[PDB]
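Peer 1: Structure below; questions to follow.
Note that each Cβ is placed from the backbone with ideal geometry, even for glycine, and that neighbours are counted across all protein chains shown. Values in this text are rule-based calculations from the coordinates and carry no lab data.
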Amino acid sequence: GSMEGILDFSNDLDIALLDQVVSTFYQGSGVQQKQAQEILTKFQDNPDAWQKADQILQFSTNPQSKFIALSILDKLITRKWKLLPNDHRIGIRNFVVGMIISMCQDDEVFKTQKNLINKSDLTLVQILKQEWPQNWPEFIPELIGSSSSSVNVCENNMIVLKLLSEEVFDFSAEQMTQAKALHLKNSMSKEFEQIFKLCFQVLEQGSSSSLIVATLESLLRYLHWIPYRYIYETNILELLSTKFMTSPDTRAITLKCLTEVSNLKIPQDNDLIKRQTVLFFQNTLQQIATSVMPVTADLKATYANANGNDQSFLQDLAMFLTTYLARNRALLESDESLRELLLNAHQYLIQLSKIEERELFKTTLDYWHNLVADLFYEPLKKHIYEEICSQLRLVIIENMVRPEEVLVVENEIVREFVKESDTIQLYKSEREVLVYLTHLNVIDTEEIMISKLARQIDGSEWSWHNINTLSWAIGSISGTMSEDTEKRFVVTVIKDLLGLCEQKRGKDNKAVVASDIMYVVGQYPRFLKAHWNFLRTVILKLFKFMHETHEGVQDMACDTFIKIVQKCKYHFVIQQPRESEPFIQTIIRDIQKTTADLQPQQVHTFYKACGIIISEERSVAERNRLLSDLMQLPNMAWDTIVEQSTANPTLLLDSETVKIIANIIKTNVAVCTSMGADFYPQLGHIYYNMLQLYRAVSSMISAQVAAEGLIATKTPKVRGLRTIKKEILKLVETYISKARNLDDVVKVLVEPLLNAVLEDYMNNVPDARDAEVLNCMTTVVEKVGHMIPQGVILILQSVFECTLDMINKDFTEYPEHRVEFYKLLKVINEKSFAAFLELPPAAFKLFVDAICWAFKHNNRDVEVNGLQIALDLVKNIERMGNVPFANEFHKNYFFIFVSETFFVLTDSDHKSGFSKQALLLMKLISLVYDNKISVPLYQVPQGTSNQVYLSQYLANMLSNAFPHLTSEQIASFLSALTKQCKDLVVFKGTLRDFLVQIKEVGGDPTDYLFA
Amino acid sequence: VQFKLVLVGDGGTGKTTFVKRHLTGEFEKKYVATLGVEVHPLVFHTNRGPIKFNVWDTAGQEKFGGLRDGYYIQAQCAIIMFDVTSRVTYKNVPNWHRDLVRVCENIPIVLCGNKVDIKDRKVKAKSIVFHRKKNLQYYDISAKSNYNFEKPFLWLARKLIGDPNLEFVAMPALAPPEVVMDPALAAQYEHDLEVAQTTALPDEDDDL
Amino acid sequence: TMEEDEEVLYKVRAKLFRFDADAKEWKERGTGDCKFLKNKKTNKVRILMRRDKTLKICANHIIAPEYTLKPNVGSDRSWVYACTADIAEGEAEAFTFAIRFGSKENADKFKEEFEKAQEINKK
Ligand SMILES: Nc1nc2c(ncn2[C@@H]2O[C@H](COP(=O)(O)OP(=O)(O)NP(=O)(O)O)[C@@H](O)[C@H]2O)c(=O)[nH]1
Ligand SMILES: *[C@@H](CC(=O)NNc1cnccn1)n1cnc(-c2cc(C(F)(F)F)cc(C(F)(F)F)c2)n1
Ligand SMILES: [Mg+2]
């Protein structure tokens, strides 16, 4: 409605109307809320709204209105304070101070308007950052004094001091210049002795819990930076570790304080400080045992019940114990009078490790890794923790998470869908600790596992969960035992898992146990390599699982097959005793039968595994003969499909034919992936007909687009035709990336390839161009680019200008072409730079444009390569020396790169690239201040040094882009920047200081003298 | 039984996409920066009754921040979002948390690392630890793949209702009506249907 | 839950879309189990689909005999069809739906069952 009236400043502000807009926004809904929101934003963003602030704080009845008023002051204080006239500055200060004092002394306002007082305190701290102590060096004394006049004032002063410490020490790195941060840090340091007095007095005095908690909250911040003596040379540790642990109101913050105390590294030579470090831990654990929970308590249950703040307390307890013990447990390991304290603290951690809470378990698991890795090396220590470690073995074995390899899950035992990477890292961490625990006592580990297994056989503890977690644990400790103990161990496990297979007949039953056996056997390849008879049996069993109707078991059998082959392949190529032929021979001969029930993706994995085996045969003649045998089926289907495609080239209309072709190529891709350079004989068998097929498919796609429109590219028919092209490109890329005979690559593969792909890419409509062409060409250039200078030129001519035109209208369209485009330019620039030298001047200008275009991307893939191309190009030009092309390059483009780099440095929209931007800028500046540009950069009086002109150019550029800076700020910044162009660390700090100063008015130019 | 939930995090982390997925089931591919805040009601059906979240989806881009912390007033819970493919967004998590807890001193907060569907992950799981000292719950999530997409609201519902055993339950399904098509516009849904027939479905390379 | 008076004639995993005619784009409505439910009392068969984890209803309507499943130009494993009374979001709205399945065999089986259900509702 008329809510917009408050946006007019001609009249006076209708406070009651403002309060209605605010209430409409916070308490309203629907369209009224949405309109009020926009109005309030516009109101807040008015550069004169701050003048209305104090009359809102005076006459408004809505606390949210006053909050928004303070947000308006905060914006003014943080960005425009030093532009105000001095009288307006004192008025704002006096008004904010008075409002705070006024709210504290009204005991009813202090109770109910907490947010509004917190916001005012923060607003005052913003004024302090600008004015204190140089223009107010009595703030702390007056704050200390006024703390006695009232309890509410004293409590609120702790909040102000807390926020001040945060803004100065915790959050200043990004928000202030180096010089200003140091100034405020030194200022607080110089006055802390008095602050600590008021703090320690309040804590010893002890009014009521409100003032204590606020004082402790402020202490938590101080502990981030204050000298050690304030903590150890006073009685404050006794207060924290006893008095304030007893009351639950103060226990939460006190524990966080003691955690911060714990993480410092003590002067490791004074006995007294050691005895004090022991003592506050001893006190703290005693308070927990008597006031909270004994060490036997069931913390798993307490956490699950989640009464009051129990979950947060137990989290904080875990953080305290792990922090302290990781730093100081050695202080407790020698003195026998401290053994019980050491073990009780670790027993609390055992109990905490049983809680069902993944992120908390990861926190305790991190600590356990710290401990067991130390016991693995440190002499005479593991015996202390024998009982702790024994309990921990049980905890981890019973809480193993499902490994990646186990594809069967319950929801009814079915098949995985997603990759659980939150679970991937967890499994790795659990494995690491269990491996260490097994090394520490291999007898105890085996006895736990073998016994737990014995009670699965009995069905005494049978369940999905119990056999799974046990099986995963057993698999995870592979490599900890000696081959001999492992031998006996694995025999016992398999024998009993097999017994369990026959016992549990359900289809869910059998699937669970099958996955567990597959996981275990796949994890013990050393055992398999030594028992060929068993290995052969395992493989044949996996082949039978490839006909399972349960899709999960079936998929897992294929993954286990290749997992075993990757480690045991050698035993498949040799002729084993008692065997009539190498087992690879047996596999290949029955491959059609073995893979008949598999999905195509799974068949390809099977062929890939065979390729791994075949590559172990180093006799070239025998290897190539295995390769041709392996590829018999796809090569026969290929020979059929190409004879039937050359004659009447229309059979590719058949969707069934397109599917068959794609799977043939995908099979070749799979075998090429594992065989690498050894794949060349097979590639030569299909290469010519494959590129002819590439052209034939391309004609079909173009014909369909012409007849049906762009929408044709979405149809299943055209998508299947493009899959053929993509897989052909992937096959060629895969081989070339692993080729060892680059002469054959250049002389046989490259020319037919470029003839087949480049013009087709160039002359297709954009929506029909395959970004995979760019990816293929990147690999070609990377591996043989130096040998094909004319081929690299041909690539550029065909893909450069037309791809650029696809991606230079916005930052979003054709995202895959975008990424591959700059990967291709990058490799060309670093390996065949001569191709850019031959470019016509107009095209080389597009090249520079394309690089700076990459700068402005937020896509990290594009941005990083863009900055790298620019840096490599500058280097490429510099390597040419004093020649016309380099001289013309600097004349035409030096200042384009400087200005474009400065733009992304300062626009606040490309923070992620700061380091590479700074590097590029430092290189450009260093070029001038090393006189490595041998030509005047200007078109200004003659003989001027390029150093002088660069300063003039930059000063003028910055003066116009950031007109709120003074001339002295810009001159000081540039002076510091140019002097530091050989010291990247200091150079970057100066750039960071500049980015701070451009966000406010009146920045001090001497800040740039910091270094 | 409604609770105000504020959602904060760097621009582009997926806050609005995450909410819209829960609101309508859609996945918005375009990035349209939120201007200030967008408020949407969001209801879940639980074994303890319906719980309603008033989701205040705030802008992450500084130039569009609007009232900034003014949005946090009287929030009862929050989600802090970052993008596991952008390290800078995790580095800013302590800044969002700072501004949030200065207004909301004692509320349940979930930290969410979004976009775990992207292969080239940059914020490694092992380095995500900010939540530990701050008592935040943490989840890997993907608004695109729906990985863990329900877990932030399930956890918040449990903390707000005070029942750790709370679970989502199937909403009852009323009998649908028996409506015959309209012959007055029967000759018209030839057009609206032809358009839909010839507009390709998105992400045809997905498992579903 | 309001579904135990019903028999499951057919169930399949699917992704459901709704056509936003204004923006000229398909928008995902939900992924989960699509069920054909026959009311034991009235013998009327309906489609009922719920989202995977929230279990929220994203489709609830009679499999009317006047509906016809059409192909989408971009897929061989989906069907498009116009629905006049869907009460997943509350008030019976009209929608143009598309439903996609994991395989062409699923989509074809779905069409068979969809048409069989139409015969049952033809009574
Ligand atoms: N691959 C992927 N992309 C996602 C995911 N979630 C969101 N996005 C994408 O990230 C981009 C940002 O979208 P958006 O939801 O608006 O992020 P935002 O944090 O709300 N932006 P702002 O804070 O500036 O208003 C979109 O392109 C979106 O498709 C995801 O889970 N996976
Ligand atoms: C036990 C039962 C079995 O052999 N096959 N499953 C069914 C299912 N339904 C009816 C009848 N039998 N079983 C399960 N798994 C194994 C087993 C697996 C493996 C593996 F490594 F390949 F996974 C190897 C072996 C072994 F040891 F080599 F024989 C056995 N047995
Ligand atoms: Mg948004």
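Peer 1: So how many residues does the range A:18-60 have that are more than 42 Å from the chain's Cα centre (by Cα), under 27 Å from A:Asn94 (Cα atoms) and not in a loop (DSSP other than H, G, I, E, B)?
Peer 2: Qualifying residue count, the range A:18-60: 11.
Peer 1: Is it true that some residue in the range B:178-191 is at the interface with another protein chain (Cβ under 9 Å from one of its Cβ atoms), touching a strand residue (DSSP E or B) at 6+ places or on another chain (Cβ under 9 Å) and either farther than 30 Å from C:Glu6 by Cβ or surrounded by 20 or more Cβ atoms within 10 Å (Cβ to Cβ) (or both)?
Peer 2: Let us first name the residues in the range B:178-191 that are at the interface with another protein chain (Cβ under 9 Å from one of its Cβ atoms), namely B:178-182, B:189.
Those still in the list that are touching a strand residue (DSSP E or B) at 6+ places or on another chain (Cβ under 9 Å) too: B:178-182, B:189.
Narrowing further to those that are either farther than 30 Å from C:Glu6 by Cβ or surrounded by 20 or more Cβ atoms within 10 Å (Cβ to Cβ) (or both): none.
There is no residue in the range B:178-191 that is at the interface with another protein chain (Cβ under 9 Å from one of its Cβ atoms), touching a strand residue (DSSP E or B) at 6+ places or on another chain (Cβ under 9 Å) and either farther than 30 Å from C:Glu6 by Cβ or surrounded by 20 or more Cβ atoms within 10 Å (Cβ to Cβ) (or both).
Peer 1: When you go through (1) touching a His at 6+ places or on another chain (Cβ under 6 Å); (2) facing chain A (nearest Cβ under 9 Å) one by one for B:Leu111, which number turns out not to apply?
Peer 2: (2) is the only condition that B:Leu111 fails.
Peer 1: Within the range A:350-404, which residues are among the polar types (S, T, N, Q) and more than 22 Å from A:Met449 (Cα to Cα)? Outline the logic, then answer.
Peer 2: Of the range A:350-404, the ones among the polar types (S, T, N, Q) are A:351, A:353, A:363-364, A:370, A:390-391, A:399.
Hits for the range A:350-404 are A:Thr363, A:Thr364, A:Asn370.
Peer 1: Just to be sure before I move on: is A:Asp87 touching a helix residue (DSSP H, G or I) at 6+ places or on another chain (Cβ under 9 Å) and either under 20 Å from B:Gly36 (Cβ atoms) or assigned to a helix (DSSP H, G or I) (or both) in the structure I sent? Spell out how you get there, then give the answer.
Peer 2: On the way: touching a helix residue (DSSP H, G or I) at 6+ places or on another chain (Cβ under 9 Å): no; either under 20 Å from B:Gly36 (Cβ atoms) or assigned to a helix (DSSP H, G or I) (or both): yes.
When the stated conditions are applied, A:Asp87 does not pass them.
Peer 1: When you scan the range A:208-225, do you find a residue that is of a type in the set (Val, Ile, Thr), in a loop (DSSP other than H, G, I, E, B) and away from chain B (no Cβ under 14 Å), even just one? Working first, answer last.
Peer 2: Looking only at the range A:208-225, we keep the residues that are of a type in the set (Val, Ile, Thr), and these are A:212-213, A:215.
The next check asks that each one be in a loop (DSSP other than H, G, I, E, B); those that pass are none.
No, the conditions are met nowhere in the range A:208-225.
Peer 1: Please work out which residue is farthest from ligand 1 (Cβ to nearest atom), limiting yourself to the range B:133-153 and to residues that are on the phi > 0 side of the Ramachandran plot and under 13 Å from the mean Cα position of the chain (by Cα). Quick ask: steps written out before the conclusion?
Peer 2: As a first pass, look at the range B:133-153 and keep what is on the phi > 0 side of the Ramachandran plot: B:135, B:146, B:148.
With the extra rule that they be under 13 Å from the mean Cα position of the chain (by Cα), the set shrinks to B:146, B:148.
Values: B:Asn146: 9, B:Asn148: 11 Å.
The qualifying residue farthest from ligand 1 (Cβ to nearest atom) is B:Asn148.
Peer 1: Which residues, taken from the range B:29-40, are surrounded by fewer than 17 Cβ atoms within 10 Å (Cβ to Cβ) and either at the interface with another protein chain (Cβ under 10 Å from one of its Cβ atoms) or β-branched (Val, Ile, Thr) (or both)?
Peer 2: B:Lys29, B:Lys30, B:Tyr31, B:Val32, B:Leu35 - these are the residues of the range B:29-40 that are surrounded by fewer than 17 Cβ atoms within 10 Å (Cβ to Cβ) and either at the interface with another protein chain (Cβ under 10 Å from one of its Cβ atoms) or β-branched (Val, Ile, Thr) (or both).
Peer 1: Taking the criterion of being more than 30 Å from A:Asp805 (Cα to Cα), surrounded by fewer than 16 Cβ atoms within 10 Å (Cβ to Cβ), more than 14 Å from chain B (Cβ to nearest Cβ) and not basic (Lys, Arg), would at least one residue in the range A:687-696 satisfy it?
Peer 2: The answer is yes, given that some residue of the range A:687-696 is more than 30 Å from A:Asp805 (Cα to Cα), surrounded by fewer than 16 Cβ atoms within 10 Å (Cβ to Cβ), more than 14 Å from chain B (Cβ to nearest Cβ) and not basic (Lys, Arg).
Peer 1: Identify the single condition in (1) facing chain B (nearest Cβ under 9 Å); (2) in contact with a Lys or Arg (Cβ under 6 Å, 6 or more places away or on another chain) that C:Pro71 does not satisfy, given that it satisfies every other one.
Peer 2: Unmet condition: (2).
Peer 1: Among (1) crowded, with 22+ Cβ neighbours inside 10 Å; (2) assigned to a loop (DSSP other than H, G, I, E, B), where does C:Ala117 come up short?
Peer 2: (2)
Peer 1: What helices (runs of 4 or more DSSP H), lying completely within the range A:565-644, carry at least 2 residues that are surrounded by fewer than 18 Cβ atoms within 10 Å (Cβ to Cβ) and under 40 Å from the mean Cα position of the chain (by Cα)?
Peer 2: Values: elements: A:570-573, A:583-589, A:591-594, A:600-614, A:620-630.
Ranges flagged: A:600-614.
Peer 1: Can you tell me which residue among A:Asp559, A:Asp555 is within 14 Å of chain B (Cβ to nearest Cβ) and more than 16 Å from ligand 1 (Cβ to nearest atom)? Before the answer, list the steps.
Peer 2: Numbers: A:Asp559 fails: within 14 Å of chain B (Cβ to nearest Cβ).
Result: A:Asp555 is the single residue among A:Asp559, A:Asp555 that is within 14 Å of chain B (Cβ to nearest Cβ) and more than 16 Å from ligand 1 (Cβ to nearest atom).
Peer 1: Take B:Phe82 and tell me if it is within 14 Å of chain C (Cβ to nearest Cβ), surrounded by 15 or more Cβ atoms within 10 Å (Cβ to Cβ) and within 15 Å of ligand 3 (Cβ to nearest atom). Let's see the steps before the verdict.
Peer 2: Details: within 14 Å of chain C (Cβ to nearest Cβ): no; surrounded by 15 or more Cβ atoms within 10 Å (Cβ to Cβ): yes; within 15 Å of ligand 3 (Cβ to nearest atom): yes.
Taking the combined requirement at face value, the residue does not satisfy it.
Peer 1: Taking into account only those residues within the range C:74-112 that are under 30 Å from A:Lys659 (Cα atoms) and at the interface with chain B (Cβ under 7 Å from one of its Cβ atoms), which is surrounded by the most Cβ atoms within 10 Å (Cβ to Cβ)?
Peer 2: Taking the range C:74-112 as the starting set, the residues that turn out to be under 30 Å from A:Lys659 (Cα atoms) are C:74-81, C:97-112.
Checking which are at the interface with chain B (Cβ under 7 Å from one of its Cβ atoms) leaves us with C:74-75, C:78, C:80, C:98, C:100, C:102.
Values: C:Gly74: 22, C:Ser75: 21, C:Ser78: 24, C:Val80: 25, C:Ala98: 27, C:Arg100: 25, C:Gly102: 15.
This residue is C:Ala98.
Peer 1: Moving to a separate point now. Give the range A:765-790 a look and list any residue that's out of contact with any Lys or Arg (no Cβ under 9 Å at 6 or more places or on another chain) and either under 16 Å from A:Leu825 (Cβ atoms) or not in a helix (DSSP H, G or I) (or both), or say none.
Peer 2: A:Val765, A:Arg769, A:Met777, A:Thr779, A:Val780, A:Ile788
Peer 1: While we're looking at this one, here's another question. If I filter the range A:555-568 for residues that are farther than 20 Å from A:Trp472 by Cα and in contact with an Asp or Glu (Cβ under 9 Å, 6 or more places away or on another chain), do I get at least one hit? Can you show your working first?
Peer 2: Step one: list which residues in the range A:555-568 are farther than 20 Å from A:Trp472 by Cα, which gives A:565-566, A:568.
Within this subset, residues satisfying the condition of being in contact with an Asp or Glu (Cβ under 9 Å, 6 or more places away or on another chain) are none.
The answer is no; no qualifying residue exists.
Peer 1: Here is a follow-up. Tell me which residues, restricted to the range B:122-151, are under 22 Å from A:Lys362 (Cα atoms) and within 16 Å of ligand 3 (Cβ to nearest atom).
Peer 2: So the first thing to find is which residues in the range B:122-151 are under 22 Å from A:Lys362 (Cα atoms), and the list is B:122-142, B:147-151.
Across the range B:122-151, the qualifying residue is only B:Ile141.
Results for (1) among the aromatic types (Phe, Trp, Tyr); (2) within 16 Å of ligand 2 (Cβ to nearest atom); (3) under 30 Å from A:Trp464 (Cβ atoms), shown as yes or no for each residue.
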{"site": "A:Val538", "(1), (2), (3)": "no, yes, yes"}
{"site": "A:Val565", "(1), (2), (3)": "no, yes, yes"}
{"site": "A:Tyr570", "(1), (2), (3)": "yes, no, no"}
{"site": "A:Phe583", "(1), (2), (3)": "yes, yes, no"}
{"site": "A:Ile588", "(1), (2), (3)": "no, no, no"}
{"site": "A:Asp597", "(1), (2), (3)": "no, yes, yes"}
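Peer 1: Just for the range B:155-174: of the residues that are aliphatic (A, V, I, L, M), in a loop (DSSP other than H, G, I, E, B) and surrounded by fewer than 17 Cβ atoms within 10 Å (Cβ to Cβ), which one is nearest to the other protein chains (Cβ to nearest Cβ)? Break it down stepwise before answering.
Peer 2: If we filter the range B:155-174 for residues that are aliphatic (A, V, I, L, M), which is where we start, we get B:156-157, B:160-161, B:166, B:169-171, B:173-174.
If we keep only those that are in a loop (DSSP other than H, G, I, E, B) as well, we get B:166, B:169-171, B:173-174.
Among the residues that remain, those that are also surrounded by fewer than 17 Cβ atoms within 10 Å (Cβ to Cβ) are: B:169-170, B:174.
On the way: B:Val169: 7, B:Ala170: 4, B:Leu174: 6 Å.
Only one residue tops the list, namely B:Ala170.
Peer 1: For the condition within 11 Å of chain A (Cβ to nearest Cβ), of a type in the set (S, T, N, Q) and away from ligand 3 (no atom under 11 Å from the Cβ), what is the one hit in B:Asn54, B:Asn47? It would help to see each step written out before you state the result.
Peer 2: Numbers: B:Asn47 fails: within 11 Å of chain A (Cβ to nearest Cβ).
So the residue among B:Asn54, B:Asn47 that is within 11 Å of chain A (Cβ to nearest Cβ), of a type in the set (S, T, N, Q) and away from ligand 3 (no atom under 11 Å from the Cβ) is B:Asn54.
Peer 1: Of everything in the range B:24-40, what is more than 8 Å from ligand 3 (Cβ to nearest atom) and touching a strand residue (DSSP E or B) at 6+ places or on another chain (Cβ under 6 Å)? Give them in sequence order.
Peer 2: B:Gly25, B:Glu26, B:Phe27, B:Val37, B:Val39, B:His40
Peer 1: Here's something else I'd like to know. Scan the range C:1-14 residue by residue and report those that are surrounded by 17 or more Cβ atoms within 10 Å (Cβ to Cβ), touching a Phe, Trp or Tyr at 6+ places or on another chain (Cβ under 8 Å) and facing another protein chain (nearest Cβ under 10 Å). Outline the logic, then answer.
Peer 2: Our first condition is that a residue be surrounded by 17 or more Cβ atoms within 10 Å (Cβ to Cβ); within the range C:1-14, this holds for C:6, C:10, C:12, C:14.
This time we only want the ones that are touching a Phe, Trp or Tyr at 6+ places or on another chain (Cβ under 8 Å), so: C:10, C:12, C:14.
Correct list: C:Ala14 only.
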